[PDB]
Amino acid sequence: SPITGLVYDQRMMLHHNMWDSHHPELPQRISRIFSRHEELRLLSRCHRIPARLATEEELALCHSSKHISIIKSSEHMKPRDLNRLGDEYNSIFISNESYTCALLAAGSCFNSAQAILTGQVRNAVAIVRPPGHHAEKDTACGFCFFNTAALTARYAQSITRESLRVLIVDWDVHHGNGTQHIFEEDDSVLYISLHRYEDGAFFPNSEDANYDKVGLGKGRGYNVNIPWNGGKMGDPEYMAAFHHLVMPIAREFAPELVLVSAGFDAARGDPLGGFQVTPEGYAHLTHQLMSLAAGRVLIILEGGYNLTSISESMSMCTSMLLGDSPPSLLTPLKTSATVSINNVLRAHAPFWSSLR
């Protein structure tokens, strides 16, 4: 069916920071986005998909039993033990509701992937929190508990075939270190991340995010890092990266399902990202991805902290999924962006004939 799915559940707002109510990963991130969908009359055009809890067996598709156990144990912790547990990780806060919210974010995306793969919808958007792409097999990180996108790729394979070709495009301004590591030896899941890097000065502060990390073993060539250096980037740079790298590689890979780790923290106005991608920019990125996998695209909220920016940007993506005409948007690239793109082209030409 030529239908767009949408999943949102206000229960995911319950995850909160009890020590700093102004922490940027706010409950109202998802309610503001949902409201904007209603205001723009997008919500009524979508098929509503229910949220559900991920099961612990589903979480074990990507995470260790110990990590699942540790996060589950936070459900009945007193505040000082929540503080202690959170502090074991890089950039994590935890409340008694966090585990359930993380389960809902994952289960929402499983139901969305299922709706796509059973033909109930063509494509879908998932307005979920907390985010997922920094979460590793064995640890939480960067506001993320479980790796929602990675889990969704494995869940998709679990109801089709182990080798189902899944493309994950991660346009959150941060590197999805967890997603890269979970799939680093896998050729069934192509991971492509665009991210601010600044030679390691930008979170998560690891050389794992550099362009020369191309995958391991049979996964060699199936990890594509597009790192930005030298300050502000925007629509011109992202469009060029899609033109020269993301789309030619994706077409050669021929995915059967596309997942977008769709953070909107590279957006104009975001205080954590410092970049300038416009809502129209995100619309064009979405419209390009819709040409892949017979349109089977699932857009999953990751980061993004300017409430107005993320609401306008993710709504524009949903508008594209619904088949609306792309808005009007060539400006020369920042010189360092040309350097980045050419570095990635050089790194991946051995693996992808489309780059030669």
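Think of the rigid core as the biggest set of C-alphas that the two forms share within 1.5 Å after superposition. Just count from 1 along the sequence shown to find any residue number.
Taken in 9 other deposited structures of this protein and fitted on the core, 276-284 and 228-236 differ in how far their Cα atoms move from the shown form, and the one that moves more is 228-236. Across the other entries compared, none leave residue 321 without coordinates where the residues on each side are present, so it is far from a third.
For the cut-off of one third of the other compared entries, residue 42 stays well clear, since all of them model it along with its flanks.
A chain break between residue 329 and residue 330 is present, corresponding to 1 to 3 residues of the deposited sequence without coordinates. Stretches 72-80 and 199-207 differ in mean C-alpha B factor, with the higher average recorded for 72-80. For the pair 84-92 and 108-116, the mean Cα B-factor is higher in 84-92. Per the PDB entry, 122 shows the highest C-alpha temperature factor of the residues 165, 122, 133, 154. Of the candidates 217, 178, 227, 142, the one whose C-alpha carries the top B factor in the deposited record is 217. Ranked by Cα temperature factor within the chain, residue 333 sits in the highest third according to the deposited record.
Per the deposited record, the Cα B-factor of residue 233 falls in the highest third when ranked against the other modelled residues of its chain.
Compared with the other modelled residues of the chain, the Cα B-factor recorded for residue 276 ranks in the highest third. In this PDB entry, residue 65 carries a Cα temperature factor that places it within the highest third of its chain's modelled residues. Among the modelled residues of the chain, residue 22 sits in the highest third by CA temperature factor in this PDB entry.
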